[PDB]
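For reference, the structure discussed in these notes is given below.
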Amino acid sequence: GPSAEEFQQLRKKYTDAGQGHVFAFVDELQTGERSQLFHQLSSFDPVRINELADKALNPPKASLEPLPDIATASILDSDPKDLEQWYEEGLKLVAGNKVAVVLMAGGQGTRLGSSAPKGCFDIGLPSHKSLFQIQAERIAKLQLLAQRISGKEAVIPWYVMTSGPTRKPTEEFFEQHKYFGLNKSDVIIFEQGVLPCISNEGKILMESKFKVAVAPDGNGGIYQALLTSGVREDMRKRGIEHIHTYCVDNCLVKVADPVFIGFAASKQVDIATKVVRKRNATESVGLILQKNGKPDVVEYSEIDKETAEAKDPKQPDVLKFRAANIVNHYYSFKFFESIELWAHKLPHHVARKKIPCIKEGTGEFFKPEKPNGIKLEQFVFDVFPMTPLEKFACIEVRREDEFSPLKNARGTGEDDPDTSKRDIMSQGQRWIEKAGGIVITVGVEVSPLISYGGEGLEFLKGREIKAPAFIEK
Ligand SMILES: CC(=O)N[C@H]1[C@@H](OP(=O)(O)O)O[C@H](CO)[C@@H](O)[C@@H]1O
Ligand SMILES: OCCc1ccc(O)cc1
Ligand SMILES: OCCc1ccc(O)cc1
Ligand SMILES: [Mg+2]
């Protein structure tokens with residue numbers, strides 16, 4: 001294990017930093033436990049922890065308008081000829097092996113109450129497919145469509161960001177499913193980083209006598225993680241130029257959506273993002289807007305209930321701020337090549353939490369009654385203000401085709417397994433109907449390997465399908 005000299009130098013650092021309590025139980029640790037504590041403490045800089053705690057617990061003490069029209073767009077307002085062109089252009093970029101996907105799948109799904117990673121969840125479709133599998137098959141299908149135009153292999157590498165709680169069960173799940181028919185060599189599971197949890201008094205919390213309480217560093221942890229994992233280097237080696245980044249929990253996510261990629265690429269933006277119309281004042285969504293001349297987002301946990309209810313001057317029964325973030329982002333690869341210059345600039349969001357820890361005295365593991373500390377998180381959209389308005393685009397899409405998050409346990413009424421299932425099977429039915437199918441009957445599941453977004457269903461014209469149904473290969 002670590003030498004006595006190594007250990008004393010670490011202890012000095014932490015003690016000088018006012019964090020020497022992390023060594024309170026060293027004298028009763030086994031060799032292994034002492035080794036773990038040494039290595040874990042060595043991974044943090046206690047002076048930086050003090051910097052973070054200070055900014056969080058003693059923060060320094062609203063030019064806030066809707067995004068201007070130059071930076072916004074809407075599928076509803078689009079010329080269908082342009083939609084067709086951007087689709088074709090996106091598919092051509094996929095065919096050129098220029099498109100990558102980053103999946104943010106490090107969330108714990110604590111509102112959901114599942115023991116498995118959220119992506120593994122079965123929302124009760126006829127197929128019993130997981131969110132992960134549905135997403136993988138969307139990638140597979142787009143590759144197939146792209147190969148029809150190129151006559152060459154089309155690959156969309158899938159970079160799956162997990163946390164400590166999610167990584168091993170995620171990798172096992174992918175292996176057990178043989179990567180859902182994608183090539184293992186083009187799917188990379190990597191981990192985001194963590195930050196120490198900090199007490200209300202600014203002290204590192206000890207989960208045990210030999211372990212610091214940590215949490216994942218928020219989805220804004222993506223950027224630093226792309227470097228350390230080797231993912232950015234892999235994207236460079238493959239000639240990636242366009243990246244779609246999204247959240248695992250959206251059962252309708254149009255993975256590597258070619259219209260979105262084609263549109264972004266055509267406008268030559270650094271960053272593009274999708275929104276839907278906020279469904280009410282209390283919806284738990286970030287709001288995309290202009291702050292101090294800059295594109296920005298106000299998260300639902302940080303907005304004041306006055307700006308959430310701010311009504312349109314012209315239309316007093318409609319909300320001023322209603323561009324709901326659906327966690328569907330486009331980046332240029334050039335944007336990723338500059339991460340090192342601004343990753344440190346991202347703010348740390350503060351959440352007060354009940355962090356299980358050791359009774360600072362006994363050493364007994366105790367679940368606190370009231371919030372005893374804070375967790376720090378970076379948010380993926382806090383890059384938006386680094387980007388000029390002219391290199392940013394915010395597009396409205398249709399909720400019922402694009403956004404159906406799995407947030408809550410079954411039996412909630414909203415953003416749960418039942419709404420997810422309903423939205424998927426309603427989507428399938430609408431596509432079949434538009435293609436001339438007659439659905440008797442609620443809804444029909446259409447496999448992504450049959451249809452990515454409504455195409456390829458001509459074979460169903462005139463046919464009668466008894467709902468509920470599952471259309472597959
Ligand atoms: C940091 C981040 O990405 N937050 C997102 C994300 O919130 P969650 O706290 O992860 O549920 O998903 C929302 C959509 O479901 C979106 O509106 C919000 O801004
Ligand atoms: O990079 C994470 C640091 C770390 C090292 C060893 C541990 O046992 C725990 C955490
Ligand atoms: O003008 C809006 C075109 C557009 C439509 C849908 C997308 O997903 C992206 C861009
Ligand atoms: Mg792999």
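For the structure tokens, the naming scheme is as follows: chains receive sequential letters (A, B, ...) according to their order of presentation, residues are indexed from 1 within each chain, and ligands are indexed from 1 in presentation order.
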
Contact check, chain A to ligand 3, at most 12 Å, counting only C-alpha atoms and all ligand atoms, closest pairs as CSV:
```
residue,atom,partner,partner_atom_place_in_ligand_line,distance
A:69,CA,ligand 3,1 (O),11.4
A:70,CA,ligand 3,1 (O),11.2
A:71,CA,ligand 3,1 (O),10.5
A:72,CA,ligand 3,1 (O),8.1
A:73,CA,ligand 3,1 (O),4.6
A:74,CA,ligand 3,2 (C),4.6
A:75,CA,ligand 3,5 (C),4.1
A:76,CA,ligand 3,2 (C),7.7
A:77,CA,ligand 3,1 (O),6.8
A:78,CA,ligand 3,1 (O),4.8
A:79,CA,ligand 3,1 (O),7.6
A:80,CA,ligand 3,3 (C),8.9
A:81,CA,ligand 3,3 (C),10.4
A:82,CA,ligand 3,3 (C),7.4
A:83,CA,ligand 3,3 (C),5.9
A:84,CA,ligand 3,3 (C),9.6
A:85,CA,ligand 3,3 (C),10.0
A:86,CA,ligand 3,3 (C),7.7
A:87,CA,ligand 3,7 (C),9.0
A:89,CA,ligand 3,10 (C),11.8
A:90,CA,ligand 3,9 (C),10.3
A:244,CA,ligand 3,8 (O),11.2
A:253,CA,ligand 3,8 (O),10.7
A:254,CA,ligand 3,8 (O),8.6
A:255,CA,ligand 3,8 (O),10.7
A:256,CA,ligand 3,8 (O),10.0
A:257,CA,ligand 3,8 (O),6.8
A:258,CA,ligand 3,8 (O),7.9
A:259,CA,ligand 3,7 (C),5.2
A:260,CA,ligand 3,9 (C),3.8
A:261,CA,ligand 3,9 (C),7.3
A:262,CA,ligand 3,9 (C),7.8
A:263,CA,ligand 3,10 (C),5.2
A:264,CA,ligand 3,10 (C),7.3
A:265,CA,ligand 3,10 (C),10.3
A:266,CA,ligand 3,10 (C),10.1
A:267,CA,ligand 3,10 (C),10.1
A:272,CA,ligand 3,9 (C),8.7
A:273,CA,ligand 3,9 (C),8.5
A:274,CA,ligand 3,8 (O),6.8
A:275,CA,ligand 3,8 (O),9.3
A:276,CA,ligand 3,8 (O),10.7
A:326,CA,ligand 3,8 (O),11.6
A:328,CA,ligand 3,8 (O),9.3
A:329,CA,ligand 3,8 (O),10.2
A:330,CA,ligand 3,9 (C),10.1
A:393,CA,ligand 3,10 (C),8.9
A:394,CA,ligand 3,9 (C),8.5
A:395,CA,ligand 3,9 (C),5.8
A:396,CA,ligand 3,6 (C),7.0
A:397,CA,ligand 3,6 (C),5.9
A:398,CA,ligand 3,6 (C),8.8
A:399,CA,ligand 3,8 (O),11.3
A:401,CA,ligand 3,8 (O),10.5
A:402,CA,ligand 3,8 (O),8.8
A:403,CA,ligand 3,8 (O),11.7
A:453,CA,ligand 3,8 (O),11.7
```

Exercise for the section: Dump the neighbourhood of ligand 1 as a ChimeraX atom specification: all residues within 7 Å, distances computed on only C-alpha atoms and all ligand atoms. Expected result: /A:219,284-287,299-300,324-327,379-381,405,407

Hey, can you spit out that residue selection with C-alpha atoms as a PDB file, in the first residue's frame?
```pdb
ATOM      1  CA  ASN A 219     -24.635  16.074 -16.955  1.00  0.00           C
ATOM      2  CA  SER A 284     -40.093  20.527 -14.531  1.00  0.00           C
ATOM      3  CA  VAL A 285     -38.169  21.794 -17.573  1.00  0.00           C
ATOM      4  CA  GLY A 286     -35.354  24.207 -18.125  1.00  0.00           C
ATOM      5  CA  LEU A 287     -36.298  27.283 -20.188  1.00  0.00           C
ATOM      6  CA  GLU A 299     -33.327  25.370 -14.899  1.00  0.00           C
ATOM      7  CA  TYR A 300     -36.699  24.610 -13.287  1.00  0.00           C
ATOM      8  CA  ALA A 324     -38.938  23.876 -22.781  1.00  0.00           C
ATOM      9  CA  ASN A 325     -35.524  22.208 -22.978  1.00  0.00           C
ATOM     10  CA  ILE A 326     -35.875  18.588 -24.090  1.00  0.00           C
ATOM     11  CA  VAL A 327     -32.131  17.741 -23.692  1.00  0.00           C
ATOM     12  CA  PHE A 379     -25.248  21.381 -16.335  1.00  0.00           C
ATOM     13  CA  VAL A 380     -24.718  20.496 -19.991  1.00  0.00           C
ATOM     14  CA  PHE A 381     -26.477  23.645 -21.287  1.00  0.00           C
ATOM     15  CA  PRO A 405     -39.573  11.494 -20.623  1.00  0.00           C
ATOM     16  CA  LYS A 407     -39.199  10.592 -14.838  1.00  0.00           C
TER      17      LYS A 407
END
```

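Using only C-alpha atoms, the protein and nucleic acid residues lying no more than 12 Å from residue 68 (chain A), apart from those fewer than 5 places from it along its own chain, are residues 73, 288, 289, 290, 291, 293, 294, 295, 389, 390, 392, 393 and 394 of chain A.
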
Output of the above residues as a PDB file, in the first residue's frame, restricted to C-alpha atoms:
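The resulting file, again20.pdb, is shown below:
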```
ATOM      1  CA  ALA A  73     -36.927  28.057 -35.740  1.00  0.00           C
ATOM      2  CA  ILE A 288     -34.180  28.403 -23.106  1.00  0.00           C
ATOM      3  CA  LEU A 289     -33.916  32.220 -23.478  1.00  0.00           C
ATOM      4  CA  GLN A 290     -31.712  35.329 -23.862  1.00  0.00           C
ATOM      5  CA  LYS A 291     -29.769  36.465 -20.801  1.00  0.00           C
ATOM      6  CA  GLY A 293     -27.342  39.226 -24.896  1.00  0.00           C
ATOM      7  CA  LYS A 294     -26.485  35.525 -24.697  1.00  0.00           C
ATOM      8  CA  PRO A 295     -28.343  32.227 -25.321  1.00  0.00           C
ATOM      9  CA  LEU A 389     -26.299  34.064 -31.070  1.00  0.00           C
ATOM     10  CA  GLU A 390     -25.266  33.693 -34.758  1.00  0.00           C
ATOM     11  CA  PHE A 392     -26.656  29.038 -31.985  1.00  0.00           C
ATOM     12  CA  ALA A 393     -30.037  27.657 -33.122  1.00  0.00           C
ATOM     13  CA  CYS A 394     -33.084  26.731 -31.025  1.00  0.00           C
TER      14      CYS A 394
END
```

Contact table chain A vs ligand 4, cut-off 7 Å, shortest pair per residue, only C-alpha atoms and all ligand atoms, as a tab-separated table:
```
residue	atom	partner	partner_atom_place_in_ligand_line	distance
A:184	CA	ligand 4	1 (Mg)	4.5
A:185	CA	ligand 4	1 (Mg)	4.3
A:186	CA	ligand 4	1 (Mg)	5.7
A:187	CA	ligand 4	1 (Mg)	4.4
A:188	CA	ligand 4	1 (Mg)	4.3
A:189	CA	ligand 4	1 (Mg)	6.8
```

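Listed by chain and then residue number, the contacts of ligand 2 are residues 36, 39, 40 and 43 of chain A (distance at most 6 Å, using only C-alpha atoms and all ligand atoms).
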
Selection above as a file: N, CA and C atoms, as a PDB file, in the first residue's frame:
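Output file selection15.pdb follows:
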```pdb
ATOM      1  N   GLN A  36      -7.622   2.484   0.140  1.00  0.00           N
ATOM      2  CA  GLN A  36      -8.750   3.155  -0.529  1.00  0.00           C
ATOM      3  C   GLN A  36      -8.848   4.628  -0.138  1.00  0.00           C
ATOM      4  N   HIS A  39      -5.991   6.699  -1.769  1.00  0.00           N
ATOM      5  CA  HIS A  39      -6.122   6.888  -3.202  1.00  0.00           C
ATOM      6  C   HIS A  39      -7.269   7.841  -3.508  1.00  0.00           C
ATOM      7  N   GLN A  40      -8.375   7.706  -2.772  1.00  0.00           N
ATOM      8  CA  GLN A  40      -9.537   8.540  -3.029  1.00  0.00           C
ATOM      9  C   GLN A  40      -9.223   9.989  -2.656  1.00  0.00           C
ATOM     10  N   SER A  43      -7.185  11.873  -5.103  1.00  0.00           N
ATOM     11  CA  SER A  43      -7.871  12.215  -6.343  1.00  0.00           C
ATOM     12  C   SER A  43      -8.520  13.595  -6.288  1.00  0.00           C
TER      13      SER A  43
END
```

Practice task
Would you list the contacts of residue 443 (chain A) as number ranges by chain, taking every protein, DNA or RNA residue within 12 Å and counting only C-alpha atoms, but skipping same-chain residues closer than 4 positions in sequence?
Solution key: A: 125-126, 421-433, 438-439, 465-471

Exercise for the section: May I have all residues of region 76-303 of chain A that DSSP, computed from the backbone, assigns to alpha helix (DSSP H), given as an MDAnalysis selection string? Expected result: chainID A and resid 80:95 131:150 167:176 222:228 231:238 258:267

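Taking CA of residue 111 (chain A) and CA of residue 223 (chain A) as the two end points, the separation is 25.5 Å.
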